[PDB]
Structures are given as structure tokens and as C-alpha cells.
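Take a look at the structure below.
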Amino acid sequence: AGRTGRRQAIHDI
Amino acid sequence: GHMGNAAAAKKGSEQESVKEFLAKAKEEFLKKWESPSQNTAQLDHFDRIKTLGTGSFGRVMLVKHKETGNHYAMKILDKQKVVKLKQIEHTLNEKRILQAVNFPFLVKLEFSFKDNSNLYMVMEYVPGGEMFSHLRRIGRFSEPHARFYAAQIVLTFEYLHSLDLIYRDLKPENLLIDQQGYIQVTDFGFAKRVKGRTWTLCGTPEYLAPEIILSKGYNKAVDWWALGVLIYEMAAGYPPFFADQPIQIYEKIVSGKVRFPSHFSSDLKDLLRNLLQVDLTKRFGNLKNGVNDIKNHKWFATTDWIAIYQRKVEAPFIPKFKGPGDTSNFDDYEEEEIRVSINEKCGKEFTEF
Ligand SMILES: O=S(=O)(c1cccc2cnccc12)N1CCCNCC1
């Protein structure tokens, strides 16, 4: 199982 | 050897011609990098039509230029959100890099400007939608279909890395399909000019190289890791390190263990094991032979690199286009009116924009 929708970038950790 | 005399000489000459192309491309880039453009339009020049996609600092909207009637994609960033998220440097990177690069698979910036509340970047409208949508709809791409897109990314990274630019956010959400079925890379929000190492923890969890997660100083090889993730996801329909929460994703990435669908060819698995390589002394794209380890891999044996660059290869998929300004290939998003304050916000932080 995992993320199937659009994935947002991360700015830290 | 693997190549006969004729093939070896042709390949060698081809690789020397790449060096000649890249040297000229660097000269052109540096001229624009040292004398950037700014304030080439204003907000009331455009009619806002529809939101095409969203991000943390704002949105991208289809706009129509009032004077010419041409359509564009306008990225809007709220200055207050950019300062709070410590993205000032990254946003200045994005605009400066986009105005200076030139490559057939990189989206073209047409105008940029700012007001009291927002920053704006106006780009060519690419009507075919995100690769992400098409991939989720179909399930997976066949290997030749995935290879056609992968080849364009390989060439784009060869170009960018020659300019000391790292991209740092490869994923299907950031790859648009143009009217000819070719890729346009968008979203330069994490792109950076880096001569050697850089240290910022940024990117998208599923696509992060282990050295980013481990807080190491890292280099352009993070983009080649991300290419491995992209090729895997295009060919499988899901990425290689797949979990509901970022912490769980990170644990799988640093373990290095990758499992492959039974339908992956052995050539593909070999390429992916060499891109998704935790040991930087062994990762393709990071070795003495550079990008040629990728371009000359068996999985790319049928790829005519020049024909891809010239856009002369028949695309596997041509998006339906109902006319200028059609948005049918994009998903719907909640719309919010663009508010412009009477007072300038964050003026000193965005002087160079
Ligand atoms: O498709 S976008 O709206 C888009 C961005 C930049 C240029 C574009 C050009 N044409 C269409 C859509 C465009 N986009 C924004 C949301 C974040 N992921 C990247 C895609």
C-alpha cells in the first residue's frame, strides 16, 4: 500500500 | 568487443559532438544567467481562465493574454507563504534558471513580474496534461512507451548537469505532454546551480535519493537516482519505495532493497539496479563514463538519441486537443480569486525577482 494521488514536495525533513 | 569498428567510430564521433553541443549551450546559458530579464508584463494584461494545478505557495492558472489572445500557464506564488516556508532562495533560483535555459523538453518562460502580494511566472501553455494523469489512468506504460519518455529526461539532465544545474524534483506530476506527445519539464522550484555538493533537504519523498534522506552533502547524482524511480513507476504503475507515510518511504529507500514486477525485462532491471544504487561509487550517471553509461545501456539500444532531440520519433501517445485554451486534459481544482493587497509585502526579500 502507498500513495496513489498527487505527491507534494517537502521543504525539510 | 561489443561494437565493431564502424559502430565504435560512429559512437565515439557522436559523443564528441555532444561535447561540442554542450560547450555552445553553456556559452548561451551563461550570457542569459549573467543578464537576466525582469518585469516583462503585468497582471492586468491577462484574463484568468482556470486553475491547472496547485502547489504549496499557490497555483498555476490558464490565462489568456488580452492583446494577442495567446494562452499561457501563469504560476502565482504568495510572497508571504514563500518567506514562511524558507523558499525565498528556491523561488529566486526557479525564475533565474527558467529565464536562462533553452532545451526542447524544458518549458519556456515568457514573462515574469511581481506585485504587492504575489510573484508571477508566465510560461508556455502545454495542453496535453501531466504524465501523472495519463499514467494513473492507463495503469502502466509498456517498456517502449516508458523508454520514449525516459530518453527525453536523460537528454534534459545531460543538458542541465552540463550547466551545473540540479533539478531535484523529477516525478510524473512535473512532466507535461505537449501536442506532439513529447515531454515538457515544469516546476523548477528546487532547481539550483551547484558546482559540487549541496545540502538542502528537499524533494518529494518517493523520489528522494538515500543521501538526501541521510542528511549528507549530495550532488547531481540525486537526479539519476530519481530517473530510476521515474522509469520504475512508468513501467510498473507504482514507484519502487511505496508506503502510506513519508517515514516509511524513507526507511525503504535507505535499505536499498528493490523488488521488480515479473513483467520487467532483464535489461530494464539491470538499468534500474544501476540507477537505484545506494553506493555513489557505483551509481550510473556518477561514474567516470558519466551519462554514457546510461545512454549506452542495453535498455536504450533502440534509442536514436539525435532523433529524440529533433522530435522526429513517432510519439506513443498524442493527447486530444480540442482547440486553443482547451483544458480537458487537466483535472479540476478549487478556484480562489487572486487577492492583491494595497500594501507591498516582503519587498526586501524579493528585490531580485
Ligand atoms: O500542470 S501545471 O499546472 C503547469 C505548470 C507549469 C507550466 C504549465 C504549462 N502548461 C500547462 C500546465 C502547466 N503544474 C502545476 C502544479 C504542480 N505540478 C506541475 C504541473
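Lettering and numbering for the C-alpha cells are positional, with chains as A, B, ... in the shown order, residues counted from 1 in each chain, and ligands counted from 1 in the shown order.
For chain B, the residues having at least one atom no farther than 9 Å from chain A, when counting only C-alpha atoms, are residues 55, 56, 85, 86, 87, 132, 136, 169, 171, 173, 200, 201, 202, 203, 204, 205, 206, 213, 215, 238, 241, 242, 243, 244, 245 and 249 of chain B.
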Please check which protein, DNA or RNA residues sit within 8 Å of ligand 1, counting only C-alpha atoms and all ligand atoms, and write them as a ChimeraX atom specification.
/B:51-55,59-62,72-75,107,123-130,173-176,186-187,330
Okay, now the selection with N, CA and C atoms, as a PDB file, in the first residue's frame?
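Output below, filename selection-v3.pdb:
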```pdb
ATOM      1  N   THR B  51      -7.777  27.095 -13.038  1.00  0.00           N
ATOM      2  CA  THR B  51      -6.613  26.548 -12.350  1.00  0.00           C
ATOM      3  C   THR B  51      -6.241  25.196 -12.951  1.00  0.00           C
ATOM      4  N   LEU B  52      -4.969  25.056 -13.340  1.00  0.00           N
ATOM      5  CA  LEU B  52      -4.446  23.842 -13.957  1.00  0.00           C
ATOM      6  C   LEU B  52      -3.747  22.917 -12.973  1.00  0.00           C
ATOM      7  N   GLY B  53      -3.323  23.438 -11.834  1.00  0.00           N
ATOM      8  CA  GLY B  53      -2.597  22.650 -10.862  1.00  0.00           C
ATOM      9  C   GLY B  53      -2.278  23.528  -9.674  1.00  0.00           C
ATOM     10  N   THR B  54      -2.002  22.874  -8.554  1.00  0.00           N
ATOM     11  CA  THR B  54      -1.726  23.595  -7.324  1.00  0.00           C
ATOM     12  C   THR B  54      -0.413  23.125  -6.720  1.00  0.00           C
ATOM     13  N   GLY B  55       0.144  23.992  -5.882  1.00  0.00           N
ATOM     14  CA  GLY B  55       1.324  23.700  -5.098  1.00  0.00           C
ATOM     15  C   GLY B  55       1.189  24.313  -3.721  1.00  0.00           C
ATOM     16  N   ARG B  59      -0.684  28.419  -7.159  1.00  0.00           N
ATOM     17  CA  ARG B  59      -1.346  27.649  -8.195  1.00  0.00           C
ATOM     18  C   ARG B  59      -0.766  28.032  -9.546  1.00  0.00           C
ATOM     19  N   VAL B  60      -1.093  27.224 -10.546  1.00  0.00           N
ATOM     20  CA  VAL B  60      -0.854  27.558 -11.940  1.00  0.00           C
ATOM     21  C   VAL B  60      -2.211  27.674 -12.612  1.00  0.00           C
ATOM     22  N   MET B  61      -2.434  28.785 -13.303  1.00  0.00           N
ATOM     23  CA  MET B  61      -3.701  29.037 -13.963  1.00  0.00           C
ATOM     24  C   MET B  61      -3.496  29.193 -15.458  1.00  0.00           C
ATOM     25  N   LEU B  62      -4.433  28.656 -16.232  1.00  0.00           N
ATOM     26  CA  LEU B  62      -4.519  29.032 -17.633  1.00  0.00           C
ATOM     27  C   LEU B  62      -4.959  30.487 -17.709  1.00  0.00           C
ATOM     28  N   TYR B  72      -1.479  31.037 -21.957  1.00  0.00           N
ATOM     29  CA  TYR B  72      -0.272  30.767 -21.192  1.00  0.00           C
ATOM     30  C   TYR B  72      -0.656  30.109 -19.876  1.00  0.00           C
ATOM     31  N   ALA B  73       0.335  29.500 -19.231  1.00  0.00           N
ATOM     32  CA  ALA B  73       0.190  28.989 -17.875  1.00  0.00           C
ATOM     33  C   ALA B  73       0.912  29.938 -16.927  1.00  0.00           C
ATOM     34  N   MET B  74       0.174  30.514 -15.985  1.00  0.00           N
ATOM     35  CA  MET B  74       0.708  31.512 -15.067  1.00  0.00           C
ATOM     36  C   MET B  74       0.838  30.903 -13.679  1.00  0.00           C
ATOM     37  N   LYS B  75       2.069  30.787 -13.199  1.00  0.00           N
ATOM     38  CA  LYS B  75       2.323  30.331 -11.842  1.00  0.00           C
ATOM     39  C   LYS B  75       2.293  31.529 -10.901  1.00  0.00           C
ATOM     40  N   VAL B 107      10.080  23.621 -20.251  1.00  0.00           N
ATOM     41  CA  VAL B 107       9.032  24.603 -20.503  1.00  0.00           C
ATOM     42  C   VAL B 107       9.647  25.990 -20.650  1.00  0.00           C
ATOM     43  N   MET B 123       4.370  31.032 -18.427  1.00  0.00           N
ATOM     44  CA  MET B 123       5.035  30.036 -19.253  1.00  0.00           C
ATOM     45  C   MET B 123       4.137  29.617 -20.406  1.00  0.00           C
ATOM     46  N   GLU B 124       4.756  28.986 -21.403  1.00  0.00           N
ATOM     47  CA  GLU B 124       4.012  28.369 -22.490  1.00  0.00           C
ATOM     48  C   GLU B 124       2.980  27.397 -21.927  1.00  0.00           C
ATOM     49  N   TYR B 125       1.763  27.450 -22.467  1.00  0.00           N
ATOM     50  CA  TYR B 125       0.731  26.501 -22.073  1.00  0.00           C
ATOM     51  C   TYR B 125       0.943  25.186 -22.813  1.00  0.00           C
ATOM     52  N   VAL B 126       1.032  24.098 -22.051  1.00  0.00           N
ATOM     53  CA  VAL B 126       1.262  22.756 -22.588  1.00  0.00           C
ATOM     54  C   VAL B 126      -0.034  21.981 -22.385  1.00  0.00           C
ATOM     55  N   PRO B 127      -0.825  21.766 -23.439  1.00  0.00           N
ATOM     56  CA  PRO B 127      -2.234  21.392 -23.241  1.00  0.00           C
ATOM     57  C   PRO B 127      -2.492  19.915 -23.000  1.00  0.00           C
ATOM     58  N   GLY B 128      -1.493  19.052 -23.140  1.00  0.00           N
ATOM     59  CA  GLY B 128      -1.750  17.629 -23.077  1.00  0.00           C
ATOM     60  C   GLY B 128      -1.893  17.038 -21.697  1.00  0.00           C
ATOM     61  N   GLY B 129      -1.680  17.831 -20.647  1.00  0.00           N
ATOM     62  CA  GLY B 129      -1.835  17.362 -19.288  1.00  0.00           C
ATOM     63  C   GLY B 129      -0.562  16.758 -18.721  1.00  0.00           C
ATOM     64  N   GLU B 130      -0.623  16.431 -17.430  1.00  0.00           N
ATOM     65  CA  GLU B 130       0.509  15.822 -16.746  1.00  0.00           C
ATOM     66  C   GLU B 130       0.645  14.358 -17.134  1.00  0.00           C
ATOM     67  N   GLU B 173       4.117  14.076 -11.975  1.00  0.00           N
ATOM     68  CA  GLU B 173       3.336  15.292 -11.768  1.00  0.00           C
ATOM     69  C   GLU B 173       3.980  16.512 -12.412  1.00  0.00           C
ATOM     70  N   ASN B 174       5.295  16.490 -12.623  1.00  0.00           N
ATOM     71  CA  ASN B 174       6.032  17.637 -13.137  1.00  0.00           C
ATOM     72  C   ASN B 174       6.357  17.521 -14.615  1.00  0.00           C
ATOM     73  N   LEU B 175       5.839  16.510 -15.294  1.00  0.00           N
ATOM     74  CA  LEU B 175       6.162  16.272 -16.698  1.00  0.00           C
ATOM     75  C   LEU B 175       4.877  16.425 -17.495  1.00  0.00           C
ATOM     76  N   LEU B 176       4.820  17.436 -18.354  1.00  0.00           N
ATOM     77  CA  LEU B 176       3.638  17.661 -19.169  1.00  0.00           C
ATOM     78  C   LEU B 176       3.849  17.085 -20.560  1.00  0.00           C
ATOM     79  N   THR B 186       8.365  20.874 -16.118  1.00  0.00           N
ATOM     80  CA  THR B 186       7.931  22.080 -15.422  1.00  0.00           C
ATOM     81  C   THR B 186       8.426  22.033 -13.984  1.00  0.00           C
ATOM     82  N   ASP B 187       8.098  23.083 -13.241  1.00  0.00           N
ATOM     83  CA  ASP B 187       8.367  23.154 -11.812  1.00  0.00           C
ATOM     84  C   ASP B 187       9.854  23.123 -11.488  1.00  0.00           C
ATOM     85  N   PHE B 330      -6.615  18.285 -18.114  1.00  0.00           N
ATOM     86  CA  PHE B 330      -6.255  18.619 -16.745  1.00  0.00           C
ATOM     87  C   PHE B 330      -7.418  18.353 -15.800  1.00  0.00           C
TER      88      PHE B 330
END
```
Give me the segment 128-224 of chain B side of the contact with segment 14-20 of chain B, cut-off 12 Å, one line per residue showing its nearest atom pair and distance in Å at one decimal, counting only C-alpha atoms, sorted by chain and residue number, as a Markdown table.
```
| residue | atom | partner | partner_atom | distance |
| --- | --- | --- | --- | --- |
| B:155 | CA | B:18 | CA | 10.3 |
| B:158 | CA | B:18 | CA | 9.5 |
| B:159 | CA | B:18 | CA | 9.7 |
| B:162 | CA | B:19 | CA | 9.4 |
```
For residue 350 of chain B, please output as a PyMOL selection string all residues within 9 Å (counting only C-alpha atoms; exclusion window: fewer than 5 positions along the same chain).
chain B and resi 79+88+92+114+119
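Distances here use only C-alpha atoms; by that measure, the residue among B:226, B:310, B:149, B:287 closest to residue 168 of chain B is B:226.
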From B:152, B:64, B:37, B:78, residue lying nearest residue 306 of chain B [only C-alpha atoms]
B:152
Just how far from atom CA of residue 50 of chain B is atom CA of residue 332 of chain B, in Å to one decimal?
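Between atom CA of residue 332 of chain B and atom CA of residue 50 of chain B the gap is 8.5 Å.
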Atom pair atom CA of residue 216 of chain B / atom CA of residue 199 of chain B: separation (Å):
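So the two atoms, atom CA of residue 216 of chain B and atom CA of residue 199 of chain B, lie 6.8 Å apart.
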Mind checking DSSP for segment 90-130 of chain B and telling me the strand (DSSP E) residues as a PyMOL selection string?
chain B and resi 109-114+118-124
Output for the residues just chosen: C-alpha atoms as a tab-separated table (two decimals), in the first residue's frame:
```tsv
chain	number	residue	atom	x	y	z
B	109	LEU	CA	9.20	31.12	-19.59
B	110	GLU	CA	7.67	34.05	-21.47
B	111	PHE	CA	7.13	36.70	-18.77
B	112	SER	CA	7.76	37.30	-15.08
B	113	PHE	CA	6.69	40.05	-12.69
B	114	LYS	CA	5.57	40.75	-9.14
B	118	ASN	CA	2.47	37.73	-5.35
B	119	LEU	CA	5.20	36.62	-7.71
B	120	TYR	CA	4.20	35.56	-11.23
B	121	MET	CA	5.87	33.37	-13.85
B	122	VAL	CA	4.10	33.12	-17.21
B	123	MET	CA	5.03	30.04	-19.25
B	124	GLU	CA	4.01	28.37	-22.49
```
Could you tell me how far atom CA of residue 166 of chain B lies from atom CA of residue 222 of chain B, in Å and to one decimal?
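Separation of atom CA of residue 166 of chain B and atom CA of residue 222 of chain B: 8.3 Å.
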When you look at residue 318 of chain B with a cut-off of 8 Å (counting only C-alpha atoms), what residues show up, excluding the ones that are within fewer than 3 positions of it in the same chain? I need them as a PyMOL selection string.
chain B and resi 179-181+315
Could you please take those selected residues and save N, CA and C atoms as a PDB file, in the first residue's frame?
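Final file, out32.pdb:
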```pdb
ATOM      1  N   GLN B 179       1.624  18.873 -27.571  1.00  0.00           N
ATOM      2  CA  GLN B 179       0.721  18.493 -28.650  1.00  0.00           C
ATOM      3  C   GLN B 179       1.315  17.434 -29.572  1.00  0.00           C
ATOM      4  N   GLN B 180       2.631  17.251 -29.554  1.00  0.00           N
ATOM      5  CA  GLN B 180       3.275  16.210 -30.344  1.00  0.00           C
ATOM      6  C   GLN B 180       3.573  14.949 -29.544  1.00  0.00           C
ATOM      7  N   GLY B 181       3.137  14.881 -28.288  1.00  0.00           N
ATOM      8  CA  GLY B 181       3.404  13.723 -27.458  1.00  0.00           C
ATOM      9  C   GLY B 181       4.738  13.738 -26.749  1.00  0.00           C
ATOM     10  N   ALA B 315       5.618   9.635 -31.507  1.00  0.00           N
ATOM     11  CA  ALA B 315       5.278   9.521 -30.100  1.00  0.00           C
ATOM     12  C   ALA B 315       4.288   8.378 -29.883  1.00  0.00           C
TER      13      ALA B 315
END
```
